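Residue strings, one per chain:
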Amino acid sequence: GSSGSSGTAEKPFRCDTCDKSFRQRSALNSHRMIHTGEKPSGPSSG
Ligand SMILES: [Zn+2]
């Protein structure tokens, strides 16, 4: 598994793709878009 997680992101927003976090909703809602393009190992919206 090689899992490495703990607690939660001090911030309310978090990217369930690269394990990121933002302070402003407009900052994350946009960052998630960058992931909605390439063909990474893990398809979504299906
Ligand atoms: Zn991300």
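Residues numbered from 1 in each chain as written, not as in the entry; some residues may be left out. Heavy atoms only, no water.

With the PDB entry as reference, the protein chain is termed Zinc finger protein 224, source organism Homo sapiens. Within the Protein Data Bank, this record goes by the title "Solution structure of the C2H2 type zinc finger (region 311-343) of human Zinc finger protein 224".

Student: Even after reading the chapter, I still don't get the overall build of the protein chain, so can you show me in this structure?
Tutor: Along the protein chain, the regular secondary structure elements total one helix and two strands. Reported as C-alpha extents along the three principal axes, the dimensions of the protein chain are approximately 30 × 30 × 15 Å. Here the protein chain holds 46 residues, and the buried ones make up 11% of them. With the model as given, the accessible surface of the protein chain reaches about 4,300 Å², and the carbon-plus-sulfur share is 43%. Charged side chains of the protein chain number 7 positive and 4 negative; the gap between the two group centres comes to 6 Å. (Helix = DSSP H or I, 4+ residues; strand = E, 2+ residues; numbered from the N terminus. Buried < 20%, exposed > 50% of the residue type's maximum accessible area, 1.4 Å probe, protein only. Areas by Shrake-Rupley, 256 points an atom, 1.4 Å probe, with all protein chains shown as cover. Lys, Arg positive; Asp, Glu negative; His and termini not counted. Charge placed at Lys NZ, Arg CZ, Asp CG, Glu CD.)

Student: What exactly am I supposed to notice about the coordination of the zinc ion here?
Tutor: Ideal geometry at a metal gives 109.5 degrees between four tetrahedral donors and either 90 or 180 degrees between six octahedral ones. For the zinc ion, the full set of protein donor atoms is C15 (SG), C18 (SG), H31 (NE2) and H35 (NE2), and the range of their distances to it is 1.9 to 2.3 Å. Around the zinc ion, the four donor atoms sit at angles spanning 97 to 120°, and that spread fits a shape best called tetrahedral. As a motif over one chain, the donors of the zinc ion read C-x2-C-x12-H-x3-H. Taken together, the positions of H31 and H35, both in helix 1 (residues 25-35) and four residues apart, correspond to about one turn of that helix. Look at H35 and you get partly exposed, because its relative accessible area is 24%. (Donors = N, O, S within 2.8 Å, 3.2 Å for Na, K, Ca; no water. Tetrahedral: all angles 85-135°; square planar, octahedral: opposite > 155°, others 65-115°.)

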